[PDB]
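Side chains are part of it too, since the values below use all heavy atoms of this structure and drop only hydrogens, waters and symmetry mates. Per chain, numbering begins at 1; letters A, B, ... match sequence-line order.
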Protein chains: 2
Amino acid sequence: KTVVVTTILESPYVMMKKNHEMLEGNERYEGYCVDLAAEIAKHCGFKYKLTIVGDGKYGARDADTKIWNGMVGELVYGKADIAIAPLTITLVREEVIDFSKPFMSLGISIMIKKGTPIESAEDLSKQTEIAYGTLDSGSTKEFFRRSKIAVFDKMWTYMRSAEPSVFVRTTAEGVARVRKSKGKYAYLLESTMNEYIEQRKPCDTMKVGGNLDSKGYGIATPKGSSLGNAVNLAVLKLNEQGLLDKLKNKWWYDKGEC
Amino acid sequence: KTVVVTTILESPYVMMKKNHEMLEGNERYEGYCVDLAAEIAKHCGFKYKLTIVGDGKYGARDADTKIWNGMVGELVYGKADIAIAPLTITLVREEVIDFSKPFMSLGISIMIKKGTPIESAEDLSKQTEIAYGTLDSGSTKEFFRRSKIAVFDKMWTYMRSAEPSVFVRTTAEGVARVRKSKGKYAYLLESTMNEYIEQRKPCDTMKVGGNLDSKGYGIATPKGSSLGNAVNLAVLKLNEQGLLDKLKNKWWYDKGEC
Ligand SMILES: CC(C)(C)c1onc([O-])c1C[C@H]([NH3+])C(=O)[O-]
Ligand SMILES: CC(C)(C)c1onc([O-])c1C[C@H]([NH3+])C(=O)[O-]
Ligand SMILES: [Cl-]
Ligand SMILES: [Cl-]
Ligand SMILES: [Zn+2]
Ligand SMILES: [Zn+2]
Ligand SMILES: [Zn+2]
Ligand SMILES: [Zn+2]
């Protein structure tokens with residue numbers, strides 16, 4: 001009866017509360033997606049258990065094993081009933097899981113340390129002094145891996161073979177690498193996160209250029225899941241009444257520091 | 001076998017070619033959605049007939065009759081198999097028809113004649129000198145009609161009773177009214193269209209303030225339609241390979257005039 005919700009620790013979507021070690025269950029977490037799960041759960045009338053993805057990944061299909069990892073894997077293999085997280089709706093995932101209409105719109109963007117002489121993807125692609133990468137097992141990397149668009153194909157060719165590896169295991173590590181590389185590392189990630197980090201101390205990073213592509217985050221459920229149909233309508237409802245915009249302001253700007 | 005596609009004449013989505021009177025069938029039309037239908041049809045392998053919505057409306061449910069009009073009505077009542085147009089994904093429509101993942105993201109925006117002293121929805125709502133309205137039988141009007149958000153509820157209260165009526169039957173009429181009202185009429189419409197018009201002669205209008213809400217356009221099919229599942233995957237594919245961004249640049253900017 002209790003719906004298992006898989007998610008991933010990613011600020012400001014899901015964060016441990018400062019005093020989480022004294023709390024149990026869902027109360028240990030806070031954030032935009034934790035607030036969103038709370039809303040969906042009560043408006044849809046069900047009990048749920050928030051569970052952090054074991055491997056801490058969003059989800060990609062291994063070429064060798066053909067196995068899905070991350071949150072996508074938890075849904076594909078029956079470990080979770082719904083994923084409420086900043087999970088990008090993409091063709092390859094849509095073939096194996098169901099997504100609700102987008103609860104948030106965004107795009108791939110470039111994060112640089114302030115002062116870095118880069119203003120766009122074209123600039124990055126036509127130079128080597130500034131290394132750049134993205135998150136492993138995420139949609140951004142798969143976007144670049146499968147892209148045949150000139151500029152993006154060139155960036156992928158560079159990234160897939162760059163040494164040291166330009167890929168990071170977590171967004172936190174990518175941001176930390178941008179902050180500690182003295183302008184020599186640019187990080188490709190979704191605009192929403194880029195925007196979030198831009199407003200967090202030490203305020204030493206910035207989003208440059210426009211978005212490279214346009215995507216959306218949706219709540220995901222196993223293919224042909226009964227719950228998915230209802231959740232999709234619940235998300236549409238929450239959006240129309242301004243709850244999602246309200247949540248965005250609360251977690252991005254009301255808590256900003258720059 | 002031939003899929004009936006309902007659409008609406010709305011530049012730059014669907015426009016009659018200059019020499020359409022000498023052409024027949026689908027060849028009479030051109031535009032972003034005509035290009036999009038052409039893509040979906042060949043990548044999904046089907047013949048189709050583009051058909052303009054009889055009443056020229058997007059679709060709303062009459063309170064008295066409870067009947068759906070516009071393109072939504074054509075799908076609900078079996079007159080068309082798919083609607084390929086700038087049809088906004090909304091809760092009330094989602095209850096009766098199926099939408100693909102968004103092929104375009106946008107939001108409600110304000111269109112004003114250049115020079116009009118209005119910079120936001122709050123400004124409009126706290127004054128009466130400048131009348132403002134939206135399109136009848138569209139999602140923007142239903143957004144305002146059902147909204148309980150303070151500012152939007154106040155604007156709806158004003159609009160529903162304003163005299164002369166602030167509602168227009170077509171986007172063309174709303175834009176014309178903005179252009180001929182000498183700053184005394186502001187028009188609420190989706191940002192994509194606002195952006196389009198801003199780049200068309202006489203270049204006397206402009207989009208002001210940020211978007212009031214965030215929405216998406218999806219391709220619509222009758223509920224539980226087999227075609228919908230496949231089209232949704234086709235749209236996801238087209239987006240990932242940059243066809244939609246390519247189409248946007250072609251119909252909005254490559255043809256701009258301001
Ligand atoms: C963590 C986040 C959200 C900033 C992100 O930034 N670049 C990405 O690839 C992702 C993950 C992506 N949303 C997904 O679902 O794989
Ligand atoms: C014509 C267009 C697209 C500019 C528009 O602008 N305001 C609206 O309500 C609509 C129609 C809407 N997209 C719909 O589906 O009802
Ligand atoms: Cl490597
Ligand atoms: Cl009236
Ligand atoms: Zn609620
Ligand atoms: Zn290496
Ligand atoms: Zn094609
Ligand atoms: Zn009247």
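- Heavy atoms of A:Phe152 lying under 4.5 Å from chain B are absent altogether.
- Shown here are the side chain to side chain donor-acceptor pair (under 3.5 Å) partners of A:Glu122, two or more places apart in sequence or in another chain: A:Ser120.
- B:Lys126 NZ: 12 or fewer foreign heavy atoms inside a 6.0 Å radius.
- Surrounding CD of A:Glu119 are at most 12 heavy atoms belonging to other residues, nucleotides or ligands under 6.0 Å away.
- More than 12 heavy atoms of other shown residues, nucleotides or ligands fall within 6.0 angstrom of atom NZ in B:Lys207.
- The number of heavy atoms from other shown groups lying within 6.0 Å of NZ (A:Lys246) does not exceed 12.
- Taking 4.5 Å as the heavy-atom cut-off, the residues of residues 80-90 of chain B that approach chain A are B:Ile89, B:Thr90, ordered by number.
- Looking only at distances, no side-chain donor or acceptor of B:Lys101 sits under 3.5 Å from a matching main-chain atom of A:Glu94.
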Show which side-chain atoms of residues 210-218 of chain A pair as donor or acceptor with protein atoms under 3.5 Å away, not counting sequence neighbours.
from     : atom 1 : to       : atom 2 : distance (Å)
A:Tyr217 : OH     : A:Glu190 : OE1    : 2.5
A:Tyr217 : OH     : A:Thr192 : OG1    : 3.1

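- Of residues 228-239 of chain B, those residues lying under 4.5 Å from chain A by any heavy-atom pair are B:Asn232, B:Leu233, B:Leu236, B:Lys237, B:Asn239.
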